[PDB]
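Novice: This is run19.pdb, which holds PDB, C-alpha atoms:
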ATOM      1  CA  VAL A   1      87.602  78.364 149.446
ATOM      2  CA  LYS A   2      84.022  78.266 150.606
ATOM      3  CA  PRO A   3      81.088  78.311 148.123
ATOM      4  CA  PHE A   4      79.222  81.638 147.753
ATOM      5  CA  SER A   5      82.169  83.277 149.394
ATOM      6  CA  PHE A   6      81.900  86.065 146.789
ATOM      7  CA  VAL A   7      78.668  87.138 148.496
ATOM      8  CA  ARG A   8      80.098  89.626 150.976
ATOM      9  CA  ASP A   9      81.840  91.030 147.903
ATOM     10  CA  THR A  10      78.558  91.493 146.073
ATOM     11  CA  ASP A  11      76.153  94.369 146.040
ATOM     12  CA  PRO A  12      73.241  94.763 148.604
ATOM     13  CA  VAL A  13      69.894  94.780 146.764
ATOM     14  CA  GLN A  14      70.934  93.272 143.408
ATOM     15  CA  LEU A  15      71.588  90.335 145.743
ATOM     16  CA  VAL A  16      67.940  90.045 146.866
ATOM     17  CA  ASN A  17      66.970  90.919 143.291
ATOM     18  CA  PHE A  18      68.355  87.681 141.845
ATOM     19  CA  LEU A  19      67.407  85.338 144.696
ATOM     20  CA  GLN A  20      63.772  86.524 144.633
ATOM     21  CA  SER A  21      63.040  84.721 141.373
ATOM     22  CA  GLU A  22      65.001  81.563 142.166
ATOM     23  CA  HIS A  23      63.383  78.399 143.470
ATOM     24  CA  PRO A  24      62.997  78.460 147.287
ATOM     25  CA  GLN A  25      65.228  75.356 147.537
ATOM     26  CA  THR A  26      67.939  77.107 145.557
ATOM     27  CA  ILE A  27      67.548  80.035 147.954
ATOM     28  CA  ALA A  28      67.905  77.721 150.961
ATOM     29  CA  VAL A  29      71.174  76.389 149.535
ATOM     30  CA  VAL A  30      72.782  79.781 149.004
ATOM     31  CA  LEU A  31      71.839  81.106 152.444
ATOM     32  CA  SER A  32      72.850  77.968 154.330
ATOM     33  CA  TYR A  33      76.372  78.694 153.033
ATOM     34  CA  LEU A  34      76.537  82.250 154.363
ATOM     35  CA  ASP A  35      77.291  83.712 157.753
ATOM     36  CA  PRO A  36      73.880  83.663 159.576
ATOM     37  CA  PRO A  37      73.586  87.450 160.204
ATOM     38  CA  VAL A  38      74.133  87.882 156.477
ATOM     39  CA  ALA A  39      71.589  85.171 155.679
ATOM     40  CA  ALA A  40      69.098  86.651 158.135
ATOM     41  CA  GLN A  41      69.541  90.051 156.454
ATOM     42  CA  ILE A  42      68.789  88.572 153.008
ATOM     43  CA  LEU A  43      65.950  86.388 154.275
ATOM     44  CA  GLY A  44      64.187  89.296 155.913
ATOM     45  CA  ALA A  45      64.471  91.284 152.691
ATOM     46  CA  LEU A  46      62.922  88.519 150.590
ATOM     47  CA  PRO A  47      59.252  88.599 149.544
ATOM     48  CA  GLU A  48      57.113  87.671 152.549
ATOM     49  CA  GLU A  49      55.722  84.635 150.672
ATOM     50  CA  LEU A  50      59.180  83.031 150.422
ATOM     51  CA  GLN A  51      60.396  83.612 153.985
ATOM     52  CA  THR A  52      58.839  80.655 155.824
ATOM     53  CA  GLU A  53      59.267  78.144 152.996
ATOM     54  CA  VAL A  54      62.924  79.141 152.530
ATOM     55  CA  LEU A  55      63.577  78.938 156.265
ATOM     56  CA  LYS A  56      61.967  75.477 156.399
ATOM     57  CA  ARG A  57      64.074  74.222 153.460
ATOM     58  CA  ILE A  58      67.193  75.481 155.220
ATOM     59  CA  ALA A  59      66.116  73.573 158.317
ATOM     60  CA  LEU A  60      65.504  70.387 156.301
ATOM     61  CA  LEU A  61      68.201  70.980 153.696
ATOM     62  CA  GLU A  62      69.368  67.406 153.086
ATOM     63  CA  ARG A  63      66.696  65.727 155.177
ATOM     64  CA  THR A  64      63.863  66.490 152.734
ATOM     65  CA  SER A  65      63.055  62.845 152.036
ATOM     66  CA  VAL A  66      64.179  59.311 152.793
ATOM     67  CA  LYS A  67      65.708  59.307 149.315
ATOM     68  CA  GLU A  68      67.774  62.418 149.996
ATOM     69  CA  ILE A  69      69.030  60.961 153.283
ATOM     70  CA  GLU A  70      69.907  57.692 151.557
ATOM     71  CA  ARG A  71      71.815  59.539 148.805
ATOM     72  CA  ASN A  72      73.723  61.940 151.049
ATOM     73  CA  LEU A  73      74.721  59.060 153.302
ATOM     74  CA  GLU A  74      76.085  57.090 150.353
ATOM     75  CA  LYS A  75      78.214  60.029 149.243
ATOM     76  CA  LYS A  76      80.001  60.461 152.590
ATOM     77  CA  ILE A  77      80.580  56.681 152.793
ATOM     78  CA  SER A  78      82.132  56.452 149.277
ATOM     79  CA  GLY A  79      83.961  59.624 148.217
ATOM     80  CA  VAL A  80      75.769  72.495 155.543
ATOM     81  CA  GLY A  81      72.198  73.525 156.350
ATOM     82  CA  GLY A  82      70.227  71.972 159.191
ATOM     83  CA  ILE A  83      68.498  72.979 162.421
ATOM     84  CA  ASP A  84      71.457  74.923 163.842
ATOM     85  CA  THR A  85      71.812  77.063 160.716
ATOM     86  CA  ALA A  86      68.078  77.833 160.732
ATOM     87  CA  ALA A  87      68.067  78.692 164.447
ATOM     88  CA  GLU A  88      71.078  80.977 164.012
ATOM     89  CA  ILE A  89      69.328  82.771 161.154
ATOM     90  CA  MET A  90      66.155  83.111 163.223
ATOM     91  CA  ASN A  91      68.128  84.653 166.103
ATOM     92  CA  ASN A  92      69.540  87.298 163.753
ATOM     93  CA  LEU A  93      66.231  88.204 162.111
ATOM     94  CA  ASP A  94      64.249  91.177 163.337
ATOM     95  CA  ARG A  95      61.804  90.026 166.034
ATOM     96  CA  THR A  96      58.736  90.668 163.878
ATOM     97  CA  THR A  97      59.812  88.598 160.892
ATOM     98  CA  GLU A  98      61.130  85.847 163.226
ATOM     99  CA  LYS A  99      57.765  85.678 165.016
ATOM    100  CA  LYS A 100      55.852  85.372 161.739
ATOM    101  CA  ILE A 101      58.018  82.499 160.501
ATOM    102  CA  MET A 102      57.825  80.696 163.845
ATOM    103  CA  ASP A 103      54.045  81.082 164.107
ATOM    104  CA  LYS A 104      53.613  79.583 160.658
ATOM    105  CA  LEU A 105      55.974  76.669 161.357
ATOM    106  CA  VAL A 106      54.107  76.000 164.586
ATOM    107  CA  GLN A 107      51.009  75.579 162.440
ATOM    108  CA  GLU A 108      52.364  73.497 159.562
ATOM    109  CA  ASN A 109      55.422  71.777 161.064
ATOM    110  CA  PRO A 110      54.899  71.849 164.872
ATOM    111  CA  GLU A 111      57.782  69.443 165.547
ATOM    112  CA  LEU A 112      60.368  71.121 163.344
ATOM    113  CA  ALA A 113      59.310  74.404 164.904
ATOM    114  CA  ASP A 114      60.068  72.943 168.326
ATOM    115  CA  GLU A 115      63.465  71.696 167.187
ATOM    116  CA  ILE A 116      64.355  75.179 165.906
ATOM    117  CA  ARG A 117      63.093  77.048 168.943
ATOM    118  CA  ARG A 118      65.099  74.885 171.343
ATOM    119  CA  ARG A 119      68.150  75.280 169.102
ATOM    120  CA  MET A 120      67.734  79.081 169.297
ATOM    121  CA  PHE A 121      68.787  79.181 172.965
ATOM    122  CA  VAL A 122      71.746  81.536 173.449
ATOM    123  CA  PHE A 123      73.891  81.989 176.542
ATOM    124  CA  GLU A 124      72.022  85.099 177.724
ATOM    125  CA  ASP A 125      68.794  83.078 177.526
ATOM    126  CA  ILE A 126      69.908  81.577 180.862
ATOM    127  CA  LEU A 127      68.325  84.713 182.361
ATOM    128  CA  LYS A 128      64.998  83.222 181.238
ATOM    129  CA  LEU A 129      65.495  80.181 183.484
ATOM    130  CA  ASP A 130      64.240  79.901 187.055
ATOM    131  CA  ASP A 131      66.766  79.529 189.885
ATOM    132  CA  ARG A 132      66.155  75.803 190.413
ATOM    133  CA  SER A 133      66.778  75.038 186.733
ATOM    134  CA  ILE A 134      69.975  77.099 186.845
ATOM    135  CA  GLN A 135      71.234  75.066 189.845
ATOM    136  CA  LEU A 136      70.373  71.869 187.971
ATOM    137  CA  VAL A 137      72.607  73.100 185.133
ATOM    138  CA  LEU A 138      75.500  74.209 187.364
ATOM    139  CA  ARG A 139      76.048  70.726 188.785
ATOM    140  CA  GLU A 140      76.924  69.696 185.218
ATOM    141  CA  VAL A 141      79.536  72.397 184.582
ATOM    142  CA  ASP A 142      83.237  72.213 185.460
ATOM    143  CA  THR A 143      84.894  75.215 187.065
ATOM    144  CA  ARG A 144      87.049  76.200 184.109
ATOM    145  CA  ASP A 145      84.281  76.112 181.530
ATOM    146  CA  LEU A 146      82.150  78.229 183.837
ATOM    147  CA  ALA A 147      84.915  80.796 184.296
ATOM    148  CA  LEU A 148      85.510  80.998 180.542
ATOM    149  CA  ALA A 149      81.807  81.261 179.751
ATOM    150  CA  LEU A 150      81.434  84.088 182.284
ATOM    151  CA  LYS A 151      84.112  86.249 180.685
ATOM    152  CA  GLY A 152      81.538  86.662 177.930
ATOM    153  CA  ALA A 153      78.390  87.227 179.997
ATOM    154  CA  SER A 154      76.472  90.316 181.120
ATOM    155  CA  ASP A 155      77.019  91.392 184.726
ATOM    156  CA  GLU A 156      73.390  90.541 185.369
ATOM    157  CA  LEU A 157      73.825  87.015 184.049
ATOM    158  CA  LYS A 158      77.044  86.794 186.039
ATOM    159  CA  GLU A 159      75.066  87.599 189.180
ATOM    160  CA  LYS A 160      72.153  85.238 188.610
ATOM    161  CA  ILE A 161      74.628  82.396 188.054
ATOM    162  CA  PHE A 162      76.723  83.247 191.105
ATOM    163  CA  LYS A 163      73.860  83.515 193.577
ATOM    164  CA  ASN A 164      72.897  80.011 192.425
ATOM    165  CA  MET A 165      76.205  78.201 193.035
ATOM    166  CA  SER A 166      77.274  76.223 196.094
ATOM    167  CA  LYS A 167      79.598  78.198 198.361
ATOM    168  CA  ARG A 168      82.387  75.737 197.601
ATOM    169  CA  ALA A 169      81.815  75.955 193.837
ATOM    170  CA  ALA A 170      81.750  79.779 193.945
ATOM    171  CA  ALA A 171      85.052  79.799 195.864
ATOM    172  CA  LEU A 172      86.610  77.440 193.323
ATOM    173  CA  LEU A 173      85.325  79.682 190.524
ATOM    174  CA  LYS A 174      86.691  82.871 192.122
ATOM    175  CA  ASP A 175      90.090  81.193 192.444
ATOM    176  CA  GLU A 176      90.085  80.233 188.777
ATOM    177  CA  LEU A 177      89.142  83.762 187.705
ATOM    178  CA  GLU A 178      91.917  85.314 189.823
ATOM    179  CA  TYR A 179      94.646  83.177 188.245
ATOM    180  CA  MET A 180      93.095  82.759 184.817
ATOM    181  CA  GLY A 181      94.103  85.865 182.890
ATOM    182  CA  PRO A 182      93.318  86.769 179.241
ATOM    183  CA  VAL A 183      91.890  84.038 177.028
ATOM    184  CA  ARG A 184      91.177  83.384 173.365
ATOM    185  CA  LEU A 185      87.695  84.614 172.438
ATOM    186  CA  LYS A 186      86.873  81.271 170.853
ATOM    187  CA  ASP A 187      87.477  79.461 174.167
ATOM    188  CA  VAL A 188      84.846  81.658 175.796
ATOM    189  CA  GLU A 189      82.649  80.707 172.850
ATOM    190  CA  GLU A 190      82.941  76.919 173.101
ATOM    191  CA  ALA A 191      82.657  77.099 176.880
ATOM    192  CA  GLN A 192      79.288  78.840 176.447
ATOM    193  CA  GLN A 193      78.341  76.389 173.691
ATOM    194  CA  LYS A 194      79.173  73.522 176.076
ATOM    195  CA  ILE A 195      76.876  74.909 178.759
ATOM    196  CA  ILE A 196      74.142  75.464 176.178
ATOM    197  CA  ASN A 197      74.416  71.838 175.085
ATOM    198  CA  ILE A 198      74.002  70.814 178.734
ATOM    199  CA  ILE A 199      70.801  72.885 178.840
ATOM    200  CA  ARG A 200      69.500  71.466 175.559
ATOM    201  CA  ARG A 201      70.047  67.951 176.952
ATOM    202  CA  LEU A 202      68.482  68.672 180.346
ATOM    203  CA  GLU A 203      65.319  69.876 178.641
ATOM    204  CA  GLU A 204      65.151  66.913 176.268
ATOM    205  CA  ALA A 205      65.050  65.065 179.576
ATOM    206  CA  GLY A 206      62.058  67.295 180.280
ATOM    207  CA  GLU A 207      63.641  68.668 183.454
ATOM    208  CA  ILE A 208      64.251  72.334 182.535
ATOM    209  CA  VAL A 209      61.747  75.074 183.366
ATOM    210  CA  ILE A 210      61.588  78.559 181.844
TER
END
Any chance you could put this one into structure tokens?

Specialist:
Amino acid sequence: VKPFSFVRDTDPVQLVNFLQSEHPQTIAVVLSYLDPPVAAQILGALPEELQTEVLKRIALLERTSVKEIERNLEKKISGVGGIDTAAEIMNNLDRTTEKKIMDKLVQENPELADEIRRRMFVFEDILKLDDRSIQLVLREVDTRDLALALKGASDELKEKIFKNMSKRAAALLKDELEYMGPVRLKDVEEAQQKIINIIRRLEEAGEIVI
């Protein structure tokens, strides 16, 4: 079973009560093991002074120093946490708290802040992109992944994507949808994740405009 799994079984406040007086690092460890919405809920309820530091430690969980990297590597060779975890927690925080943590990271860890922000991109964020960028992305997506990803998108996002496809691609997509049928929710999920990865890569290449 997974560590800290008894957390959803534990009380609400007594939970924040104990974590409050623990070392930030110890806090980072416990939260990085929980479902993000749960972690975001706890994080936002922690004393303001711990929020940023704890979020940063979650982001750099086993990357804190060259020594830590060297040690962790050796373990895996012989016998959790990270940027994604942090970004997922930030997406589930209330806007206000999220903004405060991001503003501080921008000031003290500008790079890490940038890694987290870019990792925070969700499928609906595609609505933030301009039409040209969207077309750029579409050329990198196969018909089936697109169809799957769309079964989990808002009608508005559906539209903005459609009006940006080539006539031939749109026809192929429509065909897929017609003979696709019901699908496992997790397929819709990885399809969207796949498109998101394409976006994350196209911006690392500095060719994606918001």

Novice: Provide the CA of residue 127 in chain A to CA of residue 156 in chain A distance in Å, to one decimal place.

Specialist: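 Separation of CA of residue 127 in chain A and CA of residue 156 in chain A: 8.3 Å.
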
Novice: In Å to one decimal, how far is CA of residue 87 in chain A from CA of residue 131 in chain A?

Specialist: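 A separation of 25.5 Å between them.
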
Novice: In terms of the shortest atom-to-atom distance over only C-alpha atoms, which of A:191, A:31, A:102, A:161 is closest to residue 133 in chain A?

Specialist: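 Smallest distance to residue 133 in chain A is found for A:161.
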
Novice: Can you work out which one of A:155, A:176, A:207, A:49 has the shortest atom-to-atom distance to residue 101 in chain A, counting only C-alpha atoms?

Specialist: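 The closest residue to residue 101 in chain A is A:49.
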
Novice: Any chance you could work out the residue set of the PyMOL selection byres ((chain A and resi 27) around 12) here, as a PyMOL selection string?

Specialist: chain A and resi 4+15-26+28-34+39+42-43+46+50-58+61+81

Novice: When the PyMOL selection byres ((chain A and resi 164) around 10) is applied to the file above, which residues end up in the set, as an mmCIF file with C-alpha atoms, in the frame of the given file?

Specialist:
data_model
loop_
_atom_site.group_PDB
_atom_site.id
_atom_site.type_symbol
_atom_site.label_atom_id
_atom_site.label_comp_id
_atom_site.auth_asym_id
_atom_site.auth_seq_id
_atom_site.Cartn_x
_atom_site.Cartn_y
_atom_site.Cartn_z
ATOM 1 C CA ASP A 131 66.766 79.529 189.885
ATOM 2 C CA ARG A 132 66.155 75.803 190.413
ATOM 3 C CA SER A 133 66.778 75.038 186.733
ATOM 4 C CA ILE A 134 69.975 77.099 186.845
ATOM 5 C CA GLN A 135 71.234 75.066 189.845
ATOM 6 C CA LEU A 136 70.373 71.869 187.971
ATOM 7 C CA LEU A 138 75.500 74.209 187.364
ATOM 8 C CA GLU A 159 75.066 87.599 189.180
ATOM 9 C CA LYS A 160 72.153 85.238 188.610
ATOM 10 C CA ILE A 161 74.628 82.396 188.054
ATOM 11 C CA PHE A 162 76.723 83.247 191.105
ATOM 12 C CA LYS A 163 73.860 83.515 193.577
ATOM 13 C CA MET A 165 76.205 78.201 193.035
ATOM 14 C CA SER A 166 77.274 76.223 196.094
ATOM 15 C CA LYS A 167 79.598 78.198 198.361
ATOM 16 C CA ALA A 169 81.815 75.955 193.837
ATOM 17 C CA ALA A 170 81.750 79.779 193.945
#

Novice: To one decimal place in Å, what is the distance between CA of residue 199 in chain A and CA of residue 113 in chain A?

Specialist: 18.1 Å

Novice: Kindly resolve the PyMOL selection byres ((chain A and resi 143) around 12) on the present coordinates and return the residues as number ranges by chain.

Specialist: A: 138-142, 144-150, 165-166, 168-177, 180, 191, 195

Novice: Determine, counting all atoms listed in the file, which protein, DNA and RNA residues have an atom within 10 Å of an atom of residue 35 in chain A; residues of the same chain fewer than 6 positions away are not included. Present the result as a PDB file with C-alpha atoms, in the frame of the given file.

Specialist:
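Contents of part_9.pdb, as written:
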ATOM      1  CA  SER A   5      82.169  83.277 149.394  1.00  0.00           C
ATOM      2  CA  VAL A   7      78.668  87.138 148.496  1.00  0.00           C
ATOM      3  CA  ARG A   8      80.098  89.626 150.976  1.00  0.00           C
ATOM      4  CA  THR A  85      71.812  77.063 160.716  1.00  0.00           C
ATOM      5  CA  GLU A  88      71.078  80.977 164.012  1.00  0.00           C
ATOM      6  CA  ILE A  89      69.328  82.771 161.154  1.00  0.00           C
TER       7      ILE A  89
END

Novice: Find the residues around range 123-125 of chain A up to 7 Å (only C-alpha atoms counted), leave out those fewer than 6 positions away in its own chain, and share them as a PyMOL selection string.

Specialist: chain A and resi 157+192+196
